[PDB]
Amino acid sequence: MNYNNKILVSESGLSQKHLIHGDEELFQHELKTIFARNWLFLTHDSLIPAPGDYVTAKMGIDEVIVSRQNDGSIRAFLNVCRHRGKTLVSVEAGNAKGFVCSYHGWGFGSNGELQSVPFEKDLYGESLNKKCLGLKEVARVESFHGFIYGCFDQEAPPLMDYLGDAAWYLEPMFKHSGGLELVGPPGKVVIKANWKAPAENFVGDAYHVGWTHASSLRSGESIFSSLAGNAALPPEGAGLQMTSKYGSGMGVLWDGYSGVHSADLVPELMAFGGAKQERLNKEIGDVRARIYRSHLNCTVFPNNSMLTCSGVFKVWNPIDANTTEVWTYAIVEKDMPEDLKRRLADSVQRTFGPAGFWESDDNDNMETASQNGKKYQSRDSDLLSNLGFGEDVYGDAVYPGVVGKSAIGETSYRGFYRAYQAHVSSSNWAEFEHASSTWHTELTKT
């Protein structure tokens, strides 16, 4: 397939070829043009707070070690020995000043440097150039309010610019709330879906909630519960959708601070978020304070998703075109009482974790939609994302980005796939930029 020419995503992101969820050659191409090029979620300050603390993380199909340095910075390195390529670290988290390879005993520092080689003097003499044998380092590592992302491509925009218009929406909860903590360890489960299936669902799919999650809505006694079985449509003005230049986007459901949490947490959460909102009015204004306690379903392009207020935090780690390893963490506000944080974390896993009853509702949808992308008669068929097209705006006086002023639509699908196509057809960041110079105009046509 010629990725320079092949139209995988139509103009304005209105449709995508179904093969994108199934084609293994395209998956391999994505490793280069999506995962090796873009910002990927690694960890949070709260999981590696002290010097020597480290975790392992996936970046695409590669594995990295993510380590807190003595100077307080974070550096990340391929989890691969520079000698004969053995996997250096076999655990998920810990604290160490270095990592020793179990094959021939080479010792690397937390700073990636080759610090020791067994019997170096007797064996290599002075001939081993250790300065050139440090672990392969992730070129870019940046933080968004404690949330640590990495990028293999030195040419990437800074993480803040990469978030584009989505940053404005995330800031009330990520910054102005006093800060979030990630509660680990994550749940980890393999699903037989393409990584794009859950990514697209979290970025912009409010339409599916009433029908897909009918049983969870009816049973689980949450606030979004009126929607069960499409019994009711959210009223006009119930929310909006947004998307951005570099692909990130989200839905906003006004006031939904208790999210998917069952009735046992609803009064406590609604009291807590409302109290903080009252304080934030004076600091960031009424609209942004309201956004703080509004439910955001967001994907940070390409494969990191979240539900704020519900507190669900996801990484859709790619394995092959029909296999994805799902990592599920909980996010909590630092200034919540500890007992509430504990119950919120359990509730995140209860609803969206490995035995998450909500998340289970999505399995067949995402697995079969992905697997159908391999089927002969469906490869060249068109997946539709035209809902709300022709009613999106850009440059709004209050809400930034490409915005659909309705709670349910496919605005965020369109921006996600516009960015996806621009990357797949580009050889580098400069080409992506050239392919994106009229990004918002394309999305708001008609």
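Position 1 is the first residue in the sequence shown; the rest follow in order.
Relative to its counterpart among 270-278 and 291-299, 270-278 has the higher mean temperature factor, C-alpha atoms as listed in the PDB entry. The deposited model assigns a higher average Cα B-factor to 334-342 than to the other stretch when 334-342 and 195-203 are compared. You'll see in the entry that, of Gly150, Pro235, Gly373, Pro354, the Cα B factor peaks at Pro235.
Per the PDB record, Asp364 has a higher Cα B-factor than any other of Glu92, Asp165, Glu142, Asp364. Placement of the Cα temperature factor of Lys405 within the chain: highest third of the modelled residues, per the deposited record. Split the chain's modelled residues into thirds by C-alpha temperature factor. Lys136 is in the middle one. In this PDB entry, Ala50 carries a Cα temperature factor that places it within the highest third of its chain's modelled residues. In the PDB entry, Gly259 places in the middle third of its chain by CA B-factor. Ranked by Cα temperature factor within the chain, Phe389 sits in the highest third according to the deposited record.
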